[PDB]
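Contents: one structure, followed by commentary.
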Amino acid sequence: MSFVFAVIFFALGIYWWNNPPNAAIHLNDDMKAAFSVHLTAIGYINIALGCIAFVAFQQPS
Amino acid sequence: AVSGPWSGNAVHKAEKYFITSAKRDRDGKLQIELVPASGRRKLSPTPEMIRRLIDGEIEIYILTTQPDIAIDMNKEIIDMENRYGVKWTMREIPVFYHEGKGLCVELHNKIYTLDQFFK
Amino acid sequence: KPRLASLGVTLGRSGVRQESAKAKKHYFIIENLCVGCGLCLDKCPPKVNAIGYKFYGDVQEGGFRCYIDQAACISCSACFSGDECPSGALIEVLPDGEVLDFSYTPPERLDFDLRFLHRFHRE
Amino acid sequence: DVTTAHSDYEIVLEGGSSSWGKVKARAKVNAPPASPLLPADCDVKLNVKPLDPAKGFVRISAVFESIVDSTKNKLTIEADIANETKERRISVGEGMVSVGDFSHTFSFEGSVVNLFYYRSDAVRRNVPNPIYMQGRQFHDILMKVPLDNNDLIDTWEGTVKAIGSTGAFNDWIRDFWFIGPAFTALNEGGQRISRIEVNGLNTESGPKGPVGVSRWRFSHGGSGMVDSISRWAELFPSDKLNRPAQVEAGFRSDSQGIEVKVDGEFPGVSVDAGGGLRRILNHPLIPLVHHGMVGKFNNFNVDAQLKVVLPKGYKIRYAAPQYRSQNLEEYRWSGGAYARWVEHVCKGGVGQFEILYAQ
Amino acid sequence: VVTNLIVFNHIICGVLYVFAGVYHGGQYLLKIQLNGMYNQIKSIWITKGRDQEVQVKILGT
Amino acid sequence: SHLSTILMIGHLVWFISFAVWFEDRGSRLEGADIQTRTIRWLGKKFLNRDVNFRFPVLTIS
Amino acid sequence: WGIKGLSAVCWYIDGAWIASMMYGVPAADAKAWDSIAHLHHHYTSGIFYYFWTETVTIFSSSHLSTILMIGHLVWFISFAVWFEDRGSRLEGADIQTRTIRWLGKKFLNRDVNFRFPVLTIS
Amino acid sequence: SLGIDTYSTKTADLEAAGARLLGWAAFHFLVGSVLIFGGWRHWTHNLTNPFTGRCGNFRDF
Ligand code: BCL
Ligand code: BCL
Ligand code: BCL
Ligand code: BCL
Ligand code: BCL
Ligand code: BCL
Ligand code: CLA
Ligand code: CLA
Ligand code: SF4
Ligand code: SF4
């Protein structure tokens with residue numbers, strides 16, 4: 001999956017190079033506007049990592 | 001109706017204007033100039049801008065430290081303060097529209113007219 | 001094809017290093033607006049004790065206000081400069097008489113919400 | 001570097017001889033407006049009510065509520081336009097113009113005459129759907145503005161003085177009448193503004209106060225592109241006004257972008273196309289040619305959906321560009337050819353998009 | 001014990017990150033309201049949130 | 001079973017003092033305003049008759 | 001406010017009981033839970049009895065107990081700055097800096113001006 | 001899980017494992033020193049290639 005993900009991201013990284021997303025354009029103007037949306041996003045990511053490391057770390061595998 | 005807090009000043013509920021000078025012409029007519037709270041343009045109380053006052057789109061006020069207010073405002077202001085730093089108090093009098101005389105200031109339970117009020 | 005002396009302009013992909021990449025005005029408290037928070041008082045220089053306090057009742061009932069002593073005020077515009085005042089009581093009068101309640105005022109606008117005929121925000 | 005604009009359209013038509021159609025349009029654009037003052041917002045309202053069927057007279061109203069760089073601007077019009085003949089059309093109306101603390105009212109008695117340089121039978125026989133018709137229009141104007149303000153008097157005194165001292169007033173007034181980019185728009189739509197003619201500039205007393213009065217007359221010619229001249233009969237469906245018709249629209253603009261909302265019913269949306277077939281009215285050319293003037297400054301991506309709703313029993317015979325999908329009586333346009341035609345006409349193109357629906 | 005030390009670490013941090021994203025984000029919403037750029041934003045991410053009636057409905061629920 | 005009920009009640013009473021001793025009096029005044037409007041809005045939509053309560057907040061002193 | 005759900009996680013992932021403030025105490029029916037609801041596991045303690053049981057192992061460790069004292073010492077000091085007493089500390093600091101000037105001059109020949117500082121509410 | 005460390009009672013596995021961790025620690029010391037160096041020049045905009053005298057551009061590279 002380190003190679004499957006490297007294929008998904010590279011394909012996704014080319015689509016956004018040719019077609020950059022226009023969502024939340026106001027963020028491109030100021031650093032803290034974009035830095036805060038990234039931090040609101042990373043926190044839900046970290047909570048998700050915490051919740052899967054609980055289910056997974058005590059799996060039979 | 002009314003604009004939101006984001007449009008214009010947030011503290012204001014309706015746009016705010018302050019009568020800044022009340023000099024008179026050769027004929028003795030009172031030339032009133034009122035600038036808005038933002039303060040970048042000069043206006044006079046024309047019927048079109050009075051018409052806004054009938055519907056409360058704007059509100060007009062006068063400072064008590066105005067150079068030509070004619071009436072002895074400081075003495076009266078000093079008396080009320082003593083009743084219930086006293087000198088340097090400043091107030092904003094809310095100008096209102098009286099259909100019979102136009103702009104009047106209800107100062108101390110006594111209606112006044114801008115020409116009567118100002119020098 | 002001759003030309004003039006070259007213009008040294010290295011802006012794009014180039015191996016060259018880029019560059020780092022007076023008592024004229026007067027101030028006043030509108031006393032009916034003031035809430036006495038004193039944010040203005042702390043911007044006034046302590047050797048010029050212009051702004052001061054005035055008590056007449058219980059503080060929980062707006063019993064106190066701030067006021068500028070004009071006899072000692074030096075018109076340094078420190079209280080006004082910093083947009084401290086939350087009520088508009090602190091105002092400035094320019095040498096030709098305009099009254100400013102705030103240092104910059106956002107522009108006025110109409111207001112309507114934009115919906116769409118067939119997108120997520122329908123009707 | 002490309003920005004995105006999203007839009008939705010909708011046309012609902014009735015059956016029989018009815019030309020009545022409901023049009024709704026929503027748009028959202030992310031590029032700055034060409035206006036050198038921002039933010040500039042604007043709401044417009046049009047309502048037309050039939051006064052009497054035999055006379056053909058109708059009452060039209062217009063309200064403009066626009067805030068430009070924090071300056072409230074309002075223009076109000078109430079008029080009575082009726083069909084006199086095939087080329088003449090008289091209108092009687094009153095209105096008000098307010099900018100900030102300034103306002104002035106006006107009353108007008110006016111007639112417009114519209115003539116086609118030629119009227120040939122062969123053009124009608126051999127061309128089933130003509131677009132360009134060459135013509136000219138003549139306006140008779142009797143303005144009545146009371147000089148209530150100090151400024152009005154001064155604008156009038158100045159005007160009279162200017163006429164008296166400057167021989168070239170009929171010519172140089174066209175530099176004032178079309179301010180800024182408005183002057184450039186004239187050449188763009190192939191429209192020629194002729195010199196104004198002042199019949200009279202006389203002050204006549206009114207019960208309220210002195211009333212500056214102007215009686216002027218002008219003309220303007222269209223190479224065919226202009227819709228007022230090329231389509232004089234179609235822009236006034238007075239006789240088809242069985243019930244009141246209203247068009248309501250508005251827009252918000254600033255450094256960030258533009259938001260536009262438009263809605264309203266009116267007749268003339270559907271016109272006979274021959275052989276028993278109906279067809280949506282040909283797109284006005286002047287708006288497209290006028291928007292290509294400001295629409296060519298930012299590369300953009302188009303996201304437009306055009307939902308067309310037809311009457312019961314009524315099915316398209318032909319459309320190009322072809323509808324992406326269909327839902328029984330409703331037909332949809334999005335993507336592919338249509339979002340090329342939108343990119344075409346939003347930048348000033350006038351390419352034809354025709355829908356023929358027969359019972 | 002190890003499974004609880006890792007799961008909790010990425011959860012407390014996640015929660016802390018979410019709170020700061022909203023804080024540093026509203027820290028930017030203050031800068032725009034003061035400069036008036038708030039009414040100039042076109043993103044559904046700010047436009048659909050500048051109505052006071054809509055706010056008290058969201059907070060109300 | 002009774003000495004432990006005191007332990008619970010006594011702890012419950014004590015931490016509630018934090019709500020009125022922290023410098024959150026301005027926050028409580030705003031919050032209540034939302035509650036009064038929210039309750040007024042809920043009553044309005046839910047019942048033909050509109051009933052308001054104007055929720056109160058204690059002063060610092 | 002987030003300390004509560006941030007603690008409902010700590011309690012729940014340690015096999016603690018959250019349905020009752022008192023589970024497993026030597027009292028009326030606290031130990032009757034495991035059989036009334038037929039639970040396959042036995043939770044360490046209830047919300048209140050959690051502090052008593054979990055801390056038997058903390059008190060046995062000379063370092064886990066140092067954290068208990070340091071961590072508690074840090075926490076209460078928050079009340080000094082979070083309580084609405086910012087003004088009191090300021091007038092107190094004035095007496096502090098006045099007294100130091102007084103003691104330094106009366107005993108020594110030097111002048112001790114430190115101007116004791118106090119934090120602002122924010 | 002990655003094989004750098006092993007749960008083995010044998011002292012030999014415990015001695016072999018230690019060499020692996022020491023090797024990964026020295027490796028992270030080298031790569032970390034590169035990222036700090038590549039973090040000083042970027043910070044001071046002194047992003048000059050020491051081998052080829054020519055510097056680079058942030059906007060266009
Ligand atoms: C824009 C292209 C033409 C133009 C096109 C026409 C047309 C077409 C006619 C007039 C006629 C008139 N014109 Mg002209 N006119 C122009 C320039 C002028 C100028 C000027 C400032 O230079 C003046 C003073 C006039 C004056 C006049 C009036 C005497 C008269 C009625 C106007 C009216 O009631 O508007 C009402 C006030 C408004 C603000 C309306 C604006 C409407 C806009 C332009 C279109 C809206 C319709 C929308 C697309 C569809 C809506 C359907 C709803 C049912 C309404 N014209 C230019 C040169 N004029 C009319 C006539 O024949 O009188 C006998 C008429 O039929
Ligand atoms: C703790 C609760 C809040 C928090 C509350 C605050 C407060 C309060 C302040 C900031 C401020 C800053 N915050 Mg924050 N901030 C948090 C999480 C973060 C995270 C993150 C790790 O995800 C980052 C990258 C930032 C980023 C930043 C900068 C934009 C800014 C100045 C930093 C600085 O000089 O620190 C100090 C520099 C040091 C070298 C000290 C050590 C700091 C270490 C590296 C941690 C950085 C984040 C930490 C919260 C910074 C503030 C420490 C103060 C004691 C509160 N915040 C969480 C969500 N943040 C300030 C600002 O200007 O906001 C507009 C400010 O006043
Ligand atoms: C980047 C490409 C963008 C784009 C870029 C821009 C830019 C950039 C701007 C606009 C502007 C406008 N755009 Mg665009 N636009 C796009 C696509 C669209 C779409 C769509 C997706 O369907 C729509 C609905 C619009 C809509 C609009 C309007 C809100 C606006 C022009 C107003 C107008 O009609 O003034 C009509 C104007 C007049 C009638 C002239 C008035 C003055 C003159 C002097 C009057 C003389 C006439 C005479 C008096 C008339 C008759 C009198 C009566 C007969 C009595 N755009 C594309 C996708 N658009 C412009 C604008 O104004 O924004 C605020 C602008 O600057
Ligand atoms: C790509 C664009 C399309 C096109 C798009 C349209 C559209 C769209 C429409 C017309 C319409 C017209 N089309 Mg076509 N049309 C095309 C090609 C032609 C050809 C041809 C042999 O190629 C002819 C004869 C025509 C003919 C015509 C007219 C019947 C009519 C315009 C009426 C008018 O007033 O014109 C009369 C003539 C003129 C106005 C100009 C005079 C001709 C030119 C300027 C001079 C010819 C000189 C020639 C070389 C002779 C030698 C000169 C010697 C000295 C004698 N088109 C091209 C290929 N055409 C319109 C219509 O149907 O309305 C009824 C209209 O809406
Ligand atoms: C004095 C002005 C004139 C007038 C001048 C025009 C002009 C000029 C045009 C029309 C157009 C139309 N008119 Mg007309 N029209 C008038 C009165 C009428 C009457 C009537 C007498 O009862 C009827 C039945 C109509 C009906 C119609 C439609 C057939 C058509 C619009 C199609 C549509 O729905 O697009 C759906 C789109 C919309 C409704 C968008 C509307 C946007 C805003 C509200 C109007 C913008 C106008 C301009 C750009 C900006 C305002 C300038 C003003 C000075 C404030 N108008 C009066 C008499 N009308 C067009 C056409 O092709 O006619 C054949 C056209 O070009
Ligand atoms: C996936 C969303 C991302 C994120 C993406 C963004 C983006 C993008 C932006 C914000 C920005 C803001 N965000 Mg954030 N942000 C996140 C986390 C958070 C959380 C949180 C839940 O913990 C909060 C409270 C906030 C709070 C805020 C503010 C700090 C800031 C300005 C207010 C605002 O956007 O109003 C807007 C709120 C509205 C307009 C109202 C709600 C709009 C619609 C209704 C939301 C879609 C719901 C949809 C219908 C789904 C319904 C489900 C059913 C099936 C229908 N962020 C998460 C992880 N954040 C704005 C900014 O400028 O930051 C600097 C901004 O542009
Ligand atoms: C058990 C303690 C407790 C409770 C119930 C609340 C409840 C509340 N707080 Mg408070 N708060 C607390 C502790 C508590 N807080 C502490 C310790 C602090 C200091 C950090 C604060 C600081 C504080 C601030 C700064 C603000 C509030 C606000 C609010 C209100 C907004 C939440 C809401 O609408 O519904 C939340 C959901 C409920 C209330 C459900 C009810 C929960 C139980 C059933 C309540 C009844 C139990 C109660 C303890 C019974 C007492 C028994 C007696 C023997 C003591 C809400 C009434 C905000 C507000 O709007 O103020 C009005 C606000 O701005 N909180
Ligand atoms: C351990 C906690 C602690 C300590 C040391 C103090 C100390 C002090 N307080 Mg505070 N206070 C506390 C808790 C504490 N308070 C709490 C919880 C509240 C909230 C109710 C307050 C509310 C408060 C108010 C409202 C006021 C003060 C004031 C004062 C000062 C006046 C007493 C004096 O001059 O000497 C007292 C004697 C000493 C300080 C001797 C020193 C005691 C030890 C050795 C201090 C060093 C230990 C320290 C915890 C080390 C930290 C280690 C780190 C890991 C945390 C004094 C500096 C007054 C003042 O003048 O403000 C400046 C004042 O007005 N107190
Ligand atoms: S101008 Fe300067 S001295 Fe005068 S009141 Fe303001 S801050 Fe104080
Ligand atoms: S900052 Fe404003 S509210 Fe505070 S004391 Fe000064 S004038 Fe009054």
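Simple scheme: letters A, B, ... for chains in structure tokens order, numbers from 1 for residues in each chain, numbers from 1 for ligands in the order shown.
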
Leaving out residue 52 of chain H and any residue of its chain fewer than 5 positions from it, which residues lie within 12 Å of it when counting only C-alpha atoms, given as a PyMOL selection string?
(chain C and resi 15-16) or (chain H and resi 47)

Residues as selected, C-alpha atoms, written as an mmCIF file, in the first residue's frame, can you do that?
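File written: selection-v2.cif
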```
data_model
loop_
_atom_site.group_PDB
_atom_site.id
_atom_site.type_symbol
_atom_site.label_atom_id
_atom_site.label_comp_id
_atom_site.auth_asym_id
_atom_site.auth_seq_id
_atom_site.Cartn_x
_atom_site.Cartn_y
_atom_site.Cartn_z
ATOM 1 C CA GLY C 15 21.313 31.737 -11.571
ATOM 2 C CA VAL C 16 21.423 35.313 -10.196
ATOM 3 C CA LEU H 47 19.820 29.605 -0.873
#
```

Could I get the residue neighbourhood of ligand 1 at 6 Å, counting only C-alpha atoms and all ligand atoms, as a PDB file with N, CA and C atoms, in the first residue's frame?
```
ATOM      1  N   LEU D  46     -38.659  45.875 -12.433  1.00  0.00           N
ATOM      2  CA  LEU D  46     -39.448  46.337 -13.604  1.00  0.00           C
ATOM      3  C   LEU D  46     -40.803  45.650 -13.435  1.00  0.00           C
ATOM      4  N   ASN D  47     -41.889  46.395 -13.643  1.00  0.00           N
ATOM      5  CA  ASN D  47     -43.260  45.836 -13.527  1.00  0.00           C
ATOM      6  C   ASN D  47     -44.037  46.507 -14.659  1.00  0.00           C
ATOM      7  N   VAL D  48     -44.849  45.747 -15.395  1.00  0.00           N
ATOM      8  CA  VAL D  48     -45.640  46.357 -16.504  1.00  0.00           C
ATOM      9  C   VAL D  48     -47.074  45.886 -16.254  1.00  0.00           C
ATOM     10  N   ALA D  62     -39.871  51.321 -12.911  1.00  0.00           N
ATOM     11  CA  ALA D  62     -38.476  50.925 -12.780  1.00  0.00           C
ATOM     12  C   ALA D  62     -37.898  51.565 -11.529  1.00  0.00           C
ATOM     13  N   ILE D  77     -38.436  55.515 -12.121  1.00  0.00           N
ATOM     14  CA  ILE D  77     -39.192  55.868 -13.324  1.00  0.00           C
ATOM     15  C   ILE D  77     -40.573  55.219 -13.282  1.00  0.00           C
ATOM     16  N   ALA D  79     -43.775  55.275 -16.202  1.00  0.00           N
ATOM     17  CA  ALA D  79     -44.142  55.824 -17.531  1.00  0.00           C
ATOM     18  C   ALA D  79     -45.329  55.086 -18.162  1.00  0.00           C
ATOM     19  N   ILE D  81     -46.193  53.943 -21.818  1.00  0.00           N
ATOM     20  CA  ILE D  81     -45.828  53.739 -23.253  1.00  0.00           C
ATOM     21  C   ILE D  81     -46.969  53.018 -23.982  1.00  0.00           C
ATOM     22  N   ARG D  89     -43.956  55.647 -31.303  1.00  0.00           N
ATOM     23  CA  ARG D  89     -44.370  55.131 -30.000  1.00  0.00           C
ATOM     24  C   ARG D  89     -44.148  56.191 -28.931  1.00  0.00           C
ATOM     25  N   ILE D  90     -45.271  56.736 -28.451  1.00  0.00           N
ATOM     26  CA  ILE D  90     -45.298  57.853 -27.461  1.00  0.00           C
ATOM     27  C   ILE D  90     -45.343  57.298 -26.036  1.00  0.00           C
ATOM     28  N   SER D  91     -44.589  57.943 -25.144  1.00  0.00           N
ATOM     29  CA  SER D  91     -44.506  57.581 -23.706  1.00  0.00           C
ATOM     30  C   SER D  91     -44.663  58.833 -22.833  1.00  0.00           C
ATOM     31  N   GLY D 110     -42.629  62.228 -24.353  1.00  0.00           N
ATOM     32  CA  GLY D 110     -41.706  61.791 -25.421  1.00  0.00           C
ATOM     33  C   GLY D 110     -42.305  60.818 -26.422  1.00  0.00           C
ATOM     34  N   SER D 111     -41.764  60.830 -27.644  1.00  0.00           N
ATOM     35  CA  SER D 111     -42.188  59.923 -28.743  1.00  0.00           C
ATOM     36  C   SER D 111     -40.935  59.400 -29.453  1.00  0.00           C
ATOM     37  N   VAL D 112     -40.933  58.122 -29.840  1.00  0.00           N
ATOM     38  CA  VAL D 112     -39.761  57.524 -30.548  1.00  0.00           C
ATOM     39  C   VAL D 112     -40.225  57.019 -31.917  1.00  0.00           C
ATOM     40  N   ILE D 141     -37.989  64.772 -26.953  1.00  0.00           N
ATOM     41  CA  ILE D 141     -37.924  64.815 -25.460  1.00  0.00           C
ATOM     42  C   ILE D 141     -38.351  66.200 -24.964  1.00  0.00           C
ATOM     43  N   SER D 228     -32.882  47.518 -30.316  1.00  0.00           N
ATOM     44  CA  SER D 228     -33.986  48.508 -30.229  1.00  0.00           C
ATOM     45  C   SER D 228     -34.491  48.801 -31.645  1.00  0.00           C
ATOM     46  N   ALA D 245     -46.777  41.766 -15.895  1.00  0.00           N
ATOM     47  CA  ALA D 245     -45.488  41.053 -16.048  1.00  0.00           C
ATOM     48  C   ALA D 245     -44.403  41.813 -15.277  1.00  0.00           C
ATOM     49  N   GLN D 246     -43.534  41.086 -14.571  1.00  0.00           N
ATOM     50  CA  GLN D 246     -42.462  41.692 -13.744  1.00  0.00           C
ATOM     51  C   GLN D 246     -41.125  40.987 -13.972  1.00  0.00           C
ATOM     52  N   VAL D 247     -40.057  41.771 -14.104  1.00  0.00           N
ATOM     53  CA  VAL D 247     -38.677  41.216 -14.199  1.00  0.00           C
ATOM     54  C   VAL D 247     -37.920  41.784 -12.997  1.00  0.00           C
ATOM     55  N   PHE D 266     -42.722  37.422 -18.406  1.00  0.00           N
ATOM     56  CA  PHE D 266     -43.095  38.422 -19.398  1.00  0.00           C
ATOM     57  C   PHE D 266     -43.385  37.705 -20.712  1.00  0.00           C
TER      58      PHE D 266
END
```

Within 10 Å of chain D, which residues belong to chain A? Use only C-alpha atoms and report them as a short mmCIF file (atom, residue, chain, number, x, y, z; two decimals) with N, CA and C atoms, in the first residue's frame.
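Result saved to selection-v8.cif:
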```
data_model
loop_
_atom_site.label_atom_id
_atom_site.label_comp_id
_atom_site.auth_asym_id
_atom_site.auth_seq_id
_atom_site.Cartn_x
_atom_site.Cartn_y
_atom_site.Cartn_z
N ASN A 18 -2.82 20.61 -13.18
CA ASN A 18 -3.53 21.10 -14.36
C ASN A 18 -4.84 21.78 -13.99
N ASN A 19 -5.47 21.29 -12.91
CA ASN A 19 -6.79 21.82 -12.46
C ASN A 19 -6.73 22.15 -10.96
N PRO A 20 -6.05 23.23 -10.52
CA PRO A 20 -5.98 23.57 -9.10
C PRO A 20 -7.38 23.89 -8.55
N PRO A 21 -7.74 23.43 -7.33
CA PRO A 21 -9.06 23.68 -6.76
C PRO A 21 -9.29 25.16 -6.44
N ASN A 22 -10.49 25.68 -6.74
CA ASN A 22 -10.82 27.11 -6.48
C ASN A 22 -11.58 27.23 -5.16
N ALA A 23 -11.79 26.12 -4.46
CA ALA A 23 -12.52 26.14 -3.17
C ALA A 23 -11.72 26.98 -2.16
N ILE A 25 -10.94 30.18 -1.97
CA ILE A 25 -9.92 31.03 -2.66
C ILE A 25 -9.38 32.09 -1.68
N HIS A 26 -10.25 32.67 -0.85
CA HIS A 26 -9.85 33.72 0.12
C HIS A 26 -8.61 33.29 0.93
#
```

Let me have all residues with an atom within 6 Å of ligand 9, counting only C-alpha atoms and all ligand atoms, laid out as JSON, numbers by chain. {"C": [43, 44, 48, 50, 51, 68, 73, 74, 75, 76, 77, 78, 79]}

So which residues are near ligand 7, meaning at most 8 Å away with only C-alpha atoms and all ligand atoms counted, given back as a CSV table (one decimal) with C-alpha atoms, in the first residue's frame?
```
chain,number,residue,atom,x,y,z
F,9,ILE,CA,-22.6,16.4,46.5
F,12,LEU,CA,-20.4,18.9,42.8
F,13,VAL,CA,-21.1,22.1,44.7
F,15,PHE,CA,-16.4,23.1,41.2
F,16,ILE,CA,-19.6,25.0,40.2
F,17,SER,CA,-18.0,28.0,42.0
F,18,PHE,CA,-15.5,28.0,39.1
F,19,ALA,CA,-18.3,29.0,36.7
F,20,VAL,CA,-19.0,32.2,38.8
F,21,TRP,CA,-15.4,32.9,39.9
F,22,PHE,CA,-13.7,32.7,36.5
F,23,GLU,CA,-13.6,35.9,34.4
F,24,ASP,CA,-16.4,34.6,32.0
F,25,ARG,CA,-19.2,36.9,33.2
F,26,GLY,CA,-19.3,38.7,29.9
F,27,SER,CA,-19.4,35.3,28.1
F,28,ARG,CA,-22.4,34.2,30.3
F,29,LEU,CA,-24.3,37.5,29.5
F,30,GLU,CA,-23.9,36.8,25.7
F,31,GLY,CA,-24.7,33.1,26.0
F,32,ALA,CA,-27.9,33.7,27.9
F,33,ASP,CA,-29.0,36.2,25.1
F,34,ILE,CA,-28.6,33.4,22.6
F,35,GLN,CA,-30.6,31.1,24.9
F,57,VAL,CA,-27.2,36.0,34.6
G,1,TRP,CA,-14.9,22.6,28.8
```

Practice item. Provide the atom CA of residue 54 of chain E to atom 38 (C, counted along the ligand's line) of ligand 6 distance in Å, to one decimal place. Key: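 About the pair atom CA of residue 54 of chain E and atom 38 (C, counted along the ligand's line) of ligand 6: they are 9.0 Å apart.
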
Using only C-alpha atoms, find the residues of chain G whose closest atom to chain F is at most 10 Å away, then write them as a short mmCIF file (atom, residue, chain, number, x, y, z; two decimals) with N, CA, C and O atoms, in the first residue's frame.
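Output (selection38.cif):
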```cif
data_model
loop_
_atom_site.label_atom_id
_atom_site.label_comp_id
_atom_site.auth_asym_id
_atom_site.auth_seq_id
_atom_site.Cartn_x
_atom_site.Cartn_y
_atom_site.Cartn_z
N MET G 21 -21.25 6.91 39.15
CA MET G 21 -20.15 7.67 39.81
C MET G 21 -19.48 6.79 40.87
O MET G 21 -18.35 7.13 41.29
N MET G 22 -20.16 5.71 41.26
CA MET G 22 -19.69 4.76 42.31
C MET G 22 -19.93 3.33 41.84
O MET G 22 -21.09 2.90 41.86
N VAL G 25 -17.52 -0.08 45.01
CA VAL G 25 -17.15 0.28 46.38
C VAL G 25 -17.74 -0.76 47.33
O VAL G 25 -18.75 -1.39 47.00
N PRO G 26 -17.14 -0.97 48.51
CA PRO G 26 -17.75 -1.90 49.47
C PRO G 26 -19.01 -1.33 50.10
O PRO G 26 -19.07 -1.09 51.31
N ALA G 27 -20.03 -1.12 49.27
CA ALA G 27 -21.28 -0.51 49.71
C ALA G 27 -22.47 -1.32 49.21
O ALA G 27 -22.30 -2.43 48.70
N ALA G 28 -23.67 -0.77 49.37
CA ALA G 28 -24.92 -1.50 49.16
C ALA G 28 -24.94 -2.38 47.92
O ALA G 28 -24.98 -3.61 48.03
N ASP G 29 -24.90 -1.78 46.73
CA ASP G 29 -25.09 -2.55 45.50
C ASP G 29 -24.06 -2.21 44.43
O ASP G 29 -24.30 -2.48 43.25
N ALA G 30 -22.93 -1.63 44.82
CA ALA G 30 -21.92 -1.26 43.83
C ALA G 30 -21.28 -2.49 43.19
O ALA G 30 -20.98 -2.48 41.99
N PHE G 48 -15.84 8.03 40.79
CA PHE G 48 -15.25 8.47 42.08
C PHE G 48 -14.25 7.44 42.63
O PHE G 48 -13.16 7.85 43.04
N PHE G 79 -5.89 29.12 39.85
CA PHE G 79 -6.96 29.90 40.54
C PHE G 79 -6.50 31.32 40.88
O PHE G 79 -7.31 32.25 40.79
N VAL G 81 -4.62 33.34 39.18
CA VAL G 81 -4.71 34.25 38.00
C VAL G 81 -6.07 34.14 37.28
O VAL G 81 -6.30 34.97 36.39
N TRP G 82 -6.82 33.06 37.50
CA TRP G 82 -8.11 32.88 36.78
C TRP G 82 -9.27 33.51 37.56
O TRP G 82 -10.32 33.78 36.96
N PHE G 83 -9.09 33.67 38.88
CA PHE G 83 -10.12 34.33 39.72
C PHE G 83 -10.06 35.83 39.44
O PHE G 83 -9.00 36.34 39.05
N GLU G 84 -11.20 36.52 39.59
CA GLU G 84 -11.31 37.98 39.33
C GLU G 84 -10.66 38.77 40.47
O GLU G 84 -11.39 39.46 41.19
N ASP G 85 -9.34 38.65 40.62
CA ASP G 85 -8.59 39.34 41.70
C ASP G 85 -7.35 40.03 41.12
O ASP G 85 -6.41 40.26 41.90
N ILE G 121 -5.01 40.54 33.01
CA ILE G 121 -6.06 39.52 32.93
C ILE G 121 -5.90 38.65 31.69
O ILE G 121 -5.90 37.42 31.78
N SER G 122 -5.78 39.27 30.52
CA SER G 122 -5.61 38.48 29.30
C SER G 122 -4.32 37.68 29.36
O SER G 122 -4.24 36.57 28.83
#
```

Could the residues that lie within 10 Å of ligand 2, counting only C-alpha atoms and all ligand atoms, be listed as a ChimeraX atom specification? /A:31-32,35-36,38-40,42-43 /E:13-28 /G:122
